[PDB]
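Chemist: Fold the following.
(chains A, B, C, D, E, F, G, H, I and J)
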Amino acid sequence: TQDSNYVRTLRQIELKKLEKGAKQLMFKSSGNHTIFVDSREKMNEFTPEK
Amino acid sequence: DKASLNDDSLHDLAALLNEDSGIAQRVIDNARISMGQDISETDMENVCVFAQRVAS
Amino acid sequence: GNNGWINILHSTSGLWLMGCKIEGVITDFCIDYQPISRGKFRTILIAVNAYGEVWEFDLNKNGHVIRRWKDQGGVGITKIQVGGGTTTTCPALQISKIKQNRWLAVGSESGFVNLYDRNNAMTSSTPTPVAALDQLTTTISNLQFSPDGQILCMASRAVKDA
Amino acid sequence: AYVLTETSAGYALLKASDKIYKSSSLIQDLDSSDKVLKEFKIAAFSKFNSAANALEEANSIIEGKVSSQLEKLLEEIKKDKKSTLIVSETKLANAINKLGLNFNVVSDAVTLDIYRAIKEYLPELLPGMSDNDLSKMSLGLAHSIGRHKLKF
Amino acid sequence: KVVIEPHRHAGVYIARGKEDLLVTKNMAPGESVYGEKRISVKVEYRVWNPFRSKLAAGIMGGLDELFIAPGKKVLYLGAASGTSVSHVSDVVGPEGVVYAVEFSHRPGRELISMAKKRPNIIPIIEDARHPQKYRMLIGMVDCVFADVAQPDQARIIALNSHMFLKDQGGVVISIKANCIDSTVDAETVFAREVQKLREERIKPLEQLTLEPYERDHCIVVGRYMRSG
Amino acid sequence: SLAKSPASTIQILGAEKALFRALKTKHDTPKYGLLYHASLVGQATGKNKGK
Amino acid sequence: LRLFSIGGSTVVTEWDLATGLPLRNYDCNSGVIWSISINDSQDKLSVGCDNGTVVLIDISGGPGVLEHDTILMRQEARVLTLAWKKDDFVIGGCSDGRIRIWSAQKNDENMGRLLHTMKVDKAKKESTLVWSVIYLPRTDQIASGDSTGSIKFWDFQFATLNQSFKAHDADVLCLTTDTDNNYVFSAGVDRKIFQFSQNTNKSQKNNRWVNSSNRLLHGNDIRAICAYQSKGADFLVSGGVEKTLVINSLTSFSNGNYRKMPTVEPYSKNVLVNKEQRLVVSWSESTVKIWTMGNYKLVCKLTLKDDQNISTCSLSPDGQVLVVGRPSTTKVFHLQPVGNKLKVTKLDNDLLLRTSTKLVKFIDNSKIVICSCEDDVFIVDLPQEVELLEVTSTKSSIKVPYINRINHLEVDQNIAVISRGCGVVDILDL
Amino acid sequence: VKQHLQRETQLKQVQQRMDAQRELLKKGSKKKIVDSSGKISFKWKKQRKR
Amino acid sequence: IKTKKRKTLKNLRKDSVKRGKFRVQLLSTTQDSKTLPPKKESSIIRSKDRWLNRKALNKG
Amino acid sequence: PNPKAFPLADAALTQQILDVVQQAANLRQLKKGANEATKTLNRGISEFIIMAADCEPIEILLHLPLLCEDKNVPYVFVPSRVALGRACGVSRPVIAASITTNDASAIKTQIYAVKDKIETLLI
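Modeler: Numbering: from 1, shown residues only, chains lettered A, B, ... in the order given. You can find the structure just below:
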């Protein structure tokens, strides 16, 4: 029982450090990025730069 | 508290710290616009007994 | 039967008289009577689903639900029996001595046995147990009443001396 | 015609010459502006008493029914024995229809272009009916009603 | 040691330090809401987490025309715990204000405590579904944010569109597919939703999925155009 | 927050230093912690005080 | 009165009765809609949808108002059919092989929760499902037809079955009742209708059910039943996928001589003929096939690539001009021969391209009459109008809208004639 | 952060194996099965404790 | 030949061009959306009619 | 019968939840008691949460949904504490239970089925 206690304590330690890491971190997003417009000619003429 | 405040209270505050600093006007208008808890009678009497002890 | 089907066959003919059905999974069922008059009496069929939805039907008219109720607690119900009067093990020999059963026993999956009084259970209609036996540690499979209504024998099927 | 506004500095009734066709002109004009505000600007504003207890009972009985100060507006809401007002609320229209004055108020019809129009407009009444920054009075009123609504 | 970089939108800064970060100029310094940290450069700067804030998932998701600015008025339907809405109060700063609304009472008490501290938030603690009870206290909002899990987002947002929206205004809705329908595909449910808003006069412009933060949430950015 | 936490934690709350040292060194956990100053534990004695 | 329809989409369409438009698309909030039924007093309609859920949309205060009111407590089985008892109970049958009893009651804390679940003995080498539920008022029972081919009478108090029948072999598809609850009619997919009775005093006194009679009358299979029982007449109408309608009597289901209402009723013409170059021309859904004859050979085909409505009203005068019109836009062509081929060219004008046309005829090759959907007659010359003498709206015109619209018009060389179904025939010189 | 996550997974694995072994010592009627993939595990008799 | 012009009917008919990471589809016409009830569900109606005319009953 | 405890099960879900409880007790994969439930919830290895719906007073279980939402784990009400007690296999009236993680089970499939059922209910 004391062994299970000790291992549990270190596991919670590592869990909390991982959560503080994920809170202090920053990732990058990549999702479906759609854009609406009203003309099909203007749609085919769309350019992200323009 | 920030409620029981009147013109003679402002005058005796001028006989106290000052009114000419404008702090009297500032505290009465912030007393009108203040959003902290209007403290009740017992918090009131306790901060009263606290202040009296400190002044003594 | 299959799911909630209890079927009923006229015996010394071999005929199909009538079938009634509840839902869920029928675990068990037993018989009680009610006298009315000089030699006239109605039989009531009692059925327990697994969850503890006791149904009580009658059989003089065709299958018309008298009532339902739900046993208190009762996760896994696995035997019911009535007792204190006439039954399937202590039957009468002539029509006059048919007497209403008084005590009703529900033996669960734990080893718990809920035990009811009918005379007020029927009234309060989601009633409380007269008592809750909690002795055994395994399943029940045999519950039998006395001839006269005092003694309740309960019996497991999974360990010695149970 | 009359136009109701429940301002966060008070309660006001205004006049308007005829309704629905005026709403057509309003939505096609965008009469939300100071022009139409001046065009039908003022009949009677009544600033509420600066007492948050009276204010809490006020807007509670406003969400519930008609108010006592609302009856103090109703003492001269009228010029004809049925004189139609514009309210923005169904139950309040029905309450002022089924209580002691019994006369006509247009129900929750298309007149929300109208009410949002005077909602864009009442900022240009900031020295007109109640002469201050009314949003501070809004903040005080909202905290009072929240601290009353939740127990706290 | 840490440098700043301003964003496309105002108030939004990317902090390039020991790690890149999303941060906003604080209103008041040295005071926490949900146990977040800080950074100064003196100017005090508060992080958001793109996990725990959905608009934070939007900004680093990348949205062209968000209709927030400093000196404006925003509506927030769905400010539970007050985190993202206090942060939106931060980004509109002193001059602008937000009207937050909420119905469940535990985040109700949390948001009203943040309202005790911070001034620019004004709280309404009602069910959103009957806007008369807050058209008594709100007038002519500029932009709208809507994160409400109820399925009739179109009805409730069209209601606040007819009541409070500024003309040619800006609106942002969030969509949880696994809350509205929970069986079928993301872009399908999204197209159905923006069809609803298109019939309800809201001209949309873009939508974006929040993949490595949320499970099939997206956000729809659109305008209110020539409508009342 | 004190409500959110469970019962055995409430039996602990005080002696957290002794706790974490005892768990990192695999010894006996402490029993009373902070609840020693209750009148009931003042009535009891010993292993009864633990219970 | 209004008419709501559910298509295979995810919306309800409350149609526009005076005109024949979709008056309102109400999108349901929850996925693909499977079935619909409205409560007693026509107050609250309810839809059952594949996400497993029952949506209550209440209708009050005139037409067009469709507001979400309630969701019921949902479960993983797709809902196949629904039926209201009163303002209190929604009974639904679903492809977990079982029937749920949901509560919709005002001022009781059990609003929203399903409070009973009854089950069907399933098939063997299939995955059976409940097809239709109907509520019987007098003896407080519910009936369900389910895909094993069975008819099951549950009773609604205590949620328990009283009667079961293996009537007809494949899966049941529709049920209905008479009003005062003596006969219940069931109809399968194997072209059979069975009548179940209670009407004698003994079967009333025990509330038993006994299947009186059966009959097969259809060609392919049966899809829908409806009953009506009033002092003028007592009949049910059954509609069969063998694409035709049949009519039977309620007091005399074993006796009454049936009527077979035919496949096509010619109230919608699809074809036209003209002696200029010996033409027959047929418009179908979005397709115009022509023939010339004298033997014959086909000519053209107009798969109108733009729009997707059924071509309602079509025309060709003497010569080679073509009008075809929808209640949405129009489409006008100039045609030309070369022999075994023809040539078509589309004209262009915004008035015709926007406006809506119920009916249209030719005066010459040049001036034609446009019957708008809103009861307005244009003349166009290849934007000149004419007033119309109003008819009185009566109380029946208030209830039923579409009786006042222009039903027919005929124009010869000069004088046109206009007819609305109230009983007005009217003469125009144009 | 990746290292920490992997460490956490290892720790929870060892904790779960130790926890099952610790529960293997109390009471009941135990029954040893070999899952035919090659796993060793147990199953208790249907027996409610007092 | 004509097969590829059938596919160019698909090309002139389609409404979605991807631009690498990004994607643009446009707004359907007001008169269509207002004066048609929307299209049916292919998968669901196919499922129901398949369940009707399965092989498990020997129809035809 | 207890209107504070909101998301409440029906008959069929009640039956299947208590059955999967029975298999859980036969496999030693679940923890009993409200305090140990909150413990394994803070340690976050719980598959899901069952609460009883007639514990008087109701707050003893009502302290759970806050953390259940904060870690996004599904929780579901069953309306008899004695029933849940006999289902889990302890003579006393149990009011709370949690099913724990073990992806080496033979009850994996039923756990996941009832999990998504409780989820779609809880939406």
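Chemist: ok, and the closest non-adjacent residue to residue 47?
Modeler: By default, I'm working from chain A. Spatially, and ignoring its direct neighbours in sequence, residue A:47 is nearest to residue I:19 (7.4 Å; CB to CB, 6 or more residues apart in numbering or on different chains). (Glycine included, C-beta is placed from N, CA and C.)
Chemist: actually chain D
Modeler: Nearest to residue D:47 is residue D:10, by CB to CB, 6+ apart, at 4.0 Å.
Chemist: sorry, back to before: need the contact list for the residue nearest to residue A:47.
Modeler: Taking CB atoms under 8 Å, 6 or more residues apart in numbering or on different chains as the criterion, residue I:19 is in contact with A:46-48.
Chemist: Out of those residues, the closest to residue B:14 would be?
Modeler: Among the contacts of residue I:19, residue A:48 lies closest to residue B:14 (CB to CB), at 67.2 Å.
Chemist: and that closest one, what are its phi and psi?
Modeler: phi -60, psi -40 (degrees, to the nearest 10).
Chemist: And it, how far from residue E:209?
Modeler: Using CB to CB, to the nearest Å, residue A:48 is found at 17 Å from residue E:209.
Chemist: measure the one residue sitting closest to the centre of chain I to residue D:106 for me?
Modeler: The centroid of chain I falls nearest to residue I:42 when counting by CA atoms, centre = their mean (8.1 Å). Per CB to CB, residue I:42 is found 48 Å from residue D:106.
Chemist: Same check on residue J:97?
Modeler: 59 Å.
Chemist: got it, and residue B:35?
Modeler: 39 Å.
Chemist: Looking at those two, which is more packed in?
Modeler: residue D:106 (17 against 14; other CB atoms under 10 Å in any protein chain shown).
Chemist: who's in contact with the more buried one?
Modeler: D:19, D:84-87, D:93.
Chemist: same thing with residue D:135?
Modeler: Contacts of residue D:135 (CB under 8 Å, 6+ apart): D:8, E:97.
Chemist: From residue D:141, how far off is it?
Modeler: Distance of residue D:135 to residue D:141, computed by CB to CB: 10 Å.
Chemist: shared neighbours, those two?
Modeler: Common neighbours of residue D:135 and residue D:141 (CB under 8 Å, 6+ apart) are residue D:8.
Chemist: Filter the contacts of residue D:106 down to the buried ones.
Modeler: Neighbour-count burial (16 or more other CB atoms under 10 Å in any protein chain shown) is assigned, among these, to D:19, D:85-87, D:93.
Chemist: how about the strands in chain E?
Modeler: For chain E, the strands defined by DSSP state E cover E:12-15, E:21-25, E:38-40, E:44-47, E:73-77, E:97-101, E:121-124, E:143-146, E:169-176, E:202-209, E:217-224.
Chemist: Give the buried residues for the last one.
Modeler: By neighbour count, and taking 16+ other CB under 10 Å as the criterion, the buried residues in strand E:217-224 are E:217-224.
Chemist: Can you spell out which helices and strands pack onto it?
Modeler: Strand E:217-224 sits against helix E:54-59, strand E:169-176, helix E:186-199, strand E:202-209, with contacts defined as 3 or more CB pairs under 8 Å, 6 or more residues apart in numbering or on different chains; DSSP states H and E.
Chemist: Let me know which of the ones you listed is the nearest to residue C:91.
Modeler: strand E:169-176 (64.8 Å).
Chemist: what's the closest one packed up against?
Modeler: helix E:54-59, strand E:143-146, helix E:153-164, helix E:186-199, strand E:217-224.
Chemist: For residue C:79, which residues count as its bridge partners?
Modeler: Each beta-bridge partner of residue C:79 is listed here, defined by DSSP bridges: residue C:107.
Chemist: Quick one: residues contacting the residue of chain J at minimum distance from chain A.
Modeler: Using CB to the nearest CB, the closest approach of chain J to chain A is made by residue J:43 at 6.8 Å. Residue J:43 sits next to A:8, A:12 when contact means CB under 8 Å, 6+ apart.
Chemist: tell me the contacts of the residue nearest the centre of chain J?
Modeler: The centroid of chain J falls nearest to residue J:50 when counting by CA atoms, centre = their mean (1.4 Å). If a contact means CB under 8 Å, 6+ apart, then residue J:50 has J:17, J:21, J:75-78, J:84, J:96-99 as its contacts.
Chemist: Pull up the residues of chain A that are close to chain I.
Modeler: With the criterion set to CB under 8 Å from any CB of the partner chain, chain A comes near chain I through A:32-40, A:43-44, A:46-48.
Chemist: so which of those residues is the most crowded?
Modeler: Comparing the residues of chain A next to chain I by number of neighbours (other CB under 10 Å), residue A:34 comes first, having 22 neighbours.
Chemist: how about that residue, secondary structure?
Modeler: strand (DSSP: H, G, I helix; E, B strand; the rest coil).
Chemist: Equivalent analysis for the one 4 residues further on, please.
Modeler: Of the three states, residue A:38 takes coil under three-state DSSP.
Chemist: Could you do the one 5 residues further on as well?
Modeler: Each residue gets one of three states, and residue A:43 gets helix by three-state DSSP.
Chemist: residue boundaries of the strands in chain D?
Modeler: Assigned by DSSP E, the strands in chain D fall at D:2-7, D:10-15, D:44-47, D:85-86, D:105-106.
Chemist: I'd like to know which elements the third one is packed against.
Modeler: It stands for strand D:44-47. On a contact count with 3+ CB pairs under 8 Å, 6+ apart, strand D:44-47 meets strand D:10-15, helix D:68-74.
Chemist: how about these in TSV, adding mean neighbour count?
Modeler: Output for those, formatted as TSV (neighbours: other CB atoms under 10 Å in any protein chain shown):
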stretch	mean neighbour count
strand D:10-15	19
helix D:68-74	16
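Chemist: Could I get those in JSON lines, plus columns for distance to residue G:334?
Modeler: Converted to JSON lines, the helices and strands packed on strand D:44-47 look like this (distance: least, CB to CB, whole Å):
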{"stretch": "strand D:10-15", "distance to residue G:334": "61"}
{"stretch": "helix D:68-74", "distance to residue G:334": "69"}
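Chemist: Near chain C, which residues of chain E are found?
Modeler: Within chain E, no position lies close to chain C (CB under 8 Å from any CB).
Chemist: Quick check: beta-bridge partners of residue G:415?
Modeler: Assigned bridge partners for residue G:415, using DSSP bridges, are residue G:429.
Chemist: For burial, what's the neighbour tally of whichever residue of chain D sits closest to chain J?
Modeler: At 15.7 Å from chain J, residue D:151 is the closest residue in chain D, using CB to the nearest CB. Residue D:151: 7 surrounding residues under other CB under 10 Å.
Chemist: gap between it and residue J:6?
Modeler: Residue D:151 is 20 Å from residue J:6, by CB to CB.
Chemist: Nearest residue to residue C:146 in space, please, no chain neighbours.
Modeler: residue C:83 (7.1 Å).
Chemist: Could you do residue G:178 as well?
Modeler: Residue nearest to residue G:178 in three dimensions, not counting chain neighbours: residue G:229, with 5.1 Å by CB to CB, 6+ apart.
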